[PDB]
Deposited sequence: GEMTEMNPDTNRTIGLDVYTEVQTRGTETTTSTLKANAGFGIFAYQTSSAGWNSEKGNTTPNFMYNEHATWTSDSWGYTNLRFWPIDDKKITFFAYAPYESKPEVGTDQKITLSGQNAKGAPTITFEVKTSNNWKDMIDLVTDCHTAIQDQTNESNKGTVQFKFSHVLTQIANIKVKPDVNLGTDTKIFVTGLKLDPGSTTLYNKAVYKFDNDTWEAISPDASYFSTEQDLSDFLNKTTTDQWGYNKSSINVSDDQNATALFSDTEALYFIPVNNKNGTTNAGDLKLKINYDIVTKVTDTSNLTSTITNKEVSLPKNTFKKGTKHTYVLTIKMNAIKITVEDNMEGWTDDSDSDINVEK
């Protein structure tokens, strides 16, 4: 056989099910001689596939413009990204701009972070530039290109809060607001992802940053409250034993990472601004509320790491001003 088969590797919800349900993915393919990709990439353009739309139809992955493996000893190098962008010149669908059809070498992506619909529309940009899909022939893997997508952004999986002591029965803490303070020259809102070495760099000639406080209050999983007259839309974070989540189970933030896999250089390069109420019972229908707003919380160094899931656990110290942070990290797989 000579037709090119597609497969997407499934990890032990999966990335694959998301691609199957949504827009699928896009493929770049560069045909070289037997000499290979590293020898010839410098003067090779995506001459075989340029943003080829790969979609799932019932039980298999397919593409419309059919292509065949070479009859001779020529090789094909593949790259892939997701979610697919149907307007790659402007980034209508995903705010993804691709390197041109006549650009030489490994491709690039210019990506902008989607802040619309209260952060609920952010794209989980995945790419594939692993060597096992480079220098492929019909004999490489039974004529099938197996893609393995990696998360190239940073995930803020959750922000959890708890007091440092048990508040007893007559006092509760409610979180009502949260902002991210990105500094002025730290967090990119627009950046270039390079498939050559799987790294992010600034846009040219001038870097594009988040330089103002970003309000996350409507992103938070706030619910109605009716506690001793207190009825502000909030999250009860009173449990001292287990920190209470501010994001819902299905919601997370996906940002262009800071310093790629290294994260922030210093503690407080990135900060949080939190609002919370300490409610003490007076009667069943009345209370005393202590409202703290715009309280600064510095995030630790080596945070917002590429390919990492970060969960921040905030401990509100009841005998002081202080809010201390734990950056719990996981590999984003």
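Gaps in the coordinates relative to the deposited sequence fall at 1-10, 23-27, 349-359.
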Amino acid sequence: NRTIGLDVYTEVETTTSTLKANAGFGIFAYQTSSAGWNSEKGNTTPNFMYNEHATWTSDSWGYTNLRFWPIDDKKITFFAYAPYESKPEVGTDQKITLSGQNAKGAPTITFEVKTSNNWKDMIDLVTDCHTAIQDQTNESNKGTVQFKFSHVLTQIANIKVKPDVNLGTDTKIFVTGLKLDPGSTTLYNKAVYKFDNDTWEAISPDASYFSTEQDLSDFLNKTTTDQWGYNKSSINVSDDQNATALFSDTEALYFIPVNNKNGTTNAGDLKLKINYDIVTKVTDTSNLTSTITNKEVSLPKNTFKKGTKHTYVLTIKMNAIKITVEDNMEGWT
From here on, numbers count along this sequence of modelled residues.
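For the pair 60-68 and 303-311, the mean B factor over Cα atoms is greater in 60-68.
For the pair 86-94 and 158-166, the mean B factor over Cα atoms is greater in 86-94. Of the candidates 252, 202, 178, 125, the deposited coordinates give 202 the top C-alpha B factor. For residue 104, the recorded CA temperature factor ranks within the highest third of the chain's modelled residues. Ranked against the other modelled residues of its chain, the C-alpha B-factor of residue 264 as given in the entry falls in the middle third. Ranked by C-alpha B-factor against the other modelled residues of its chain, residue 140 falls in the middle third. Among the modelled residues of its chain, residue 221 has a C-alpha B-factor that falls in the lowest third, as given in the PDB entry. In the PDB entry, a CA B factor belonging to the highest third of its chain's modelled residues is recorded for residue 185.
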